[PDB]
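First, one chain by itself in structure tokens, the form deposited in one PDB entry.
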């Protein structure tokens, strides 16, 4: 099975098959053509952030193990996992200017703009009235949301799963990758997904699934994982722009569900939801999934 694919053209997702969008929201995953988007700075960071900083050209992209939660905020910065191959760097948008080199800041901003264009184009196809969009998606459309550029370095010397089964937490994720390894759950079976040059992989997160579950057009967020990587040639990396609701509780009170004819119902505390699913992603015998309520 091949995922649907689209081009973003003036706020409109044009899929390359008549059933493309229908398949995308059933599959939880689809491809989108990259606009003119230089990826060199992110690729450099993805190959260097975990290395010790040494004098030279690579130095500004190295040594980021020094950026931990105490210098940023909870859930931010560098993490080495015990029972996953990934070592990771998470960074929310409010820290990008302080922490990222200039070229990576600019790439992050361009990926953020593109990701929100993708989100608006998806919402435009759903039975969700525009007057509710800003509140319903956690104020991320008015630039008060939670935007991470997050990097995965798959340490092939670690004998463990590559990245545990999980759902992403938020609205859309725009994923930059080069190699096989991603598998998505489809009709009860694990489907390998390979990246495509000049394209990003897009997927929906839990917030999208919760918002639309009881609407006329429900959208799936689907479980996915990365296979254990074995040694030999460059380590696998990936990185992605994750779009999430605001984490400030006076800006966004949590995750909503839309009930047509009634309005938005506040279903879940988002920070609690996020803290739980994040922790469960990286333990030995749990998974990054959630139990649907009601």
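Numbering follows the first chain given and starts at 1. Rigid core (definition): largest C-alpha set, two forms, superposition within 1.5 Å.
Judged by mean Cα B factor in the deposited record, 13-21 ranks above the other of 271-279 and 13-21. Judged by mean Cα B factor in the deposited record, 67-75 ranks above the other of 172-180 and 67-75. Listed residues 223, 216, 149, 83 were ranked by CA B-factor as deposited; 216 comes out on top. Among all modelled residues in its chain, residue 133 ranks in the lowest third by Cα B-factor. In the PDB entry, a CA B factor belonging to the highest third of its chain's modelled residues is recorded for residue 198. When the CA B factors of the chain's modelled residues are split into thirds, the value for residue 205 lands in the lowest one. Placement of the Cα temperature factor of residue 111 within the chain: lowest third of the modelled residues, per the deposited record. When all modelled residues of the chain are sorted by CA temperature factor, residue 187 is found within the highest third.
Keep in mind the form deposited in another entry is missing from the figure; the text below concerns it.
Among the candidates 235, 43, 269, 228, the CA atom that moves 2 angstroms or more between this form and the one not shown after core superposition belongs to 269 alone. Core-aligned CA deviation for residue 278 between this form and the one not shown: 2 Å or greater. Relative to this form, the distance between the C-alpha atoms of residue 234 and residue 160 is reduced by at least 3 angstroms in the other form. Between the C-alpha atoms of residue 234 and residue 229, a gap narrowed by no less than 3 Å is obtained in the other form, as opposed to the form on display.
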